[PDB]
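For reference, the chain that follows is the form deposited in one PDB entry, supplied as structure tokens.
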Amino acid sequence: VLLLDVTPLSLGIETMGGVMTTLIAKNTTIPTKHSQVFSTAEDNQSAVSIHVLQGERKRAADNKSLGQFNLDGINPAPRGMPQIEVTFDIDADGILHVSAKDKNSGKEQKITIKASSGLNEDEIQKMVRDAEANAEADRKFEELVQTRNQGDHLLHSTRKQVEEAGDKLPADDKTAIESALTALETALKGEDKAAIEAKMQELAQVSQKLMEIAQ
């Protein structure tokens, strides 16, 4: 009542695109327990790396790394199908317990972070300062990753659909589509959002027949 034990900065993990995904928001009073389910970025991925982060930045690299661990034994499956439940649990003592559990296999791996770990009081103040100073740059970074991830899904999906269509897909169409896919994959390797969007657009313009078949 006179005081409150609170988390000075956000706590979360690094997700595809190098972005920090928050599990426990800034100024949350502890004890607290939050969870979210994630999945694999690649087909047949056998493990996921849980990189714990403390901070207010959108770029995972600009945040304080609290540590990392892997969860392996993930059985063969298309990307995005596995269910890896990640739980952040801060107890009364202020100790953070992070766990990752594969819902198919039931396997789990944990990392425990002492209450004194993370950033100190001044550093916390600097983090809040920088986050505010770089609010626009972070917004730009967030939309870039949104674009890159959408393009990756398009690339990955389209390729699956082409295979599944086989001879159903006319030669003219498959030629246009595959050129656009190669162009898209090259774009995804860069940092130019407009370029990525341009290649997704080209793909959308030449995939109409494929989409009809896949549908």
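Position 1 is the first residue in the sequence shown; the rest follow in order. For the two forms, the rigid core is made up of the largest set of C-alpha atoms that agree within 1.5 Å on superposition.
The form deposited in another entry exists for this protein as well; it is not shown, and the discussion that follows is about that form.
Only one candidate in 146, 70, 27, 179 has its Cα displaced by 2 Å or more between this form and the one not shown after core superposition: 179. Once both forms are fitted on their core, the CA shift for residue 48 between this form and the one not shown remains under 2 Å.
Fitting the two forms on the rigid core leaves the C-alpha of residue 165 displaced by at least 2 angstroms between this form and the one not shown.
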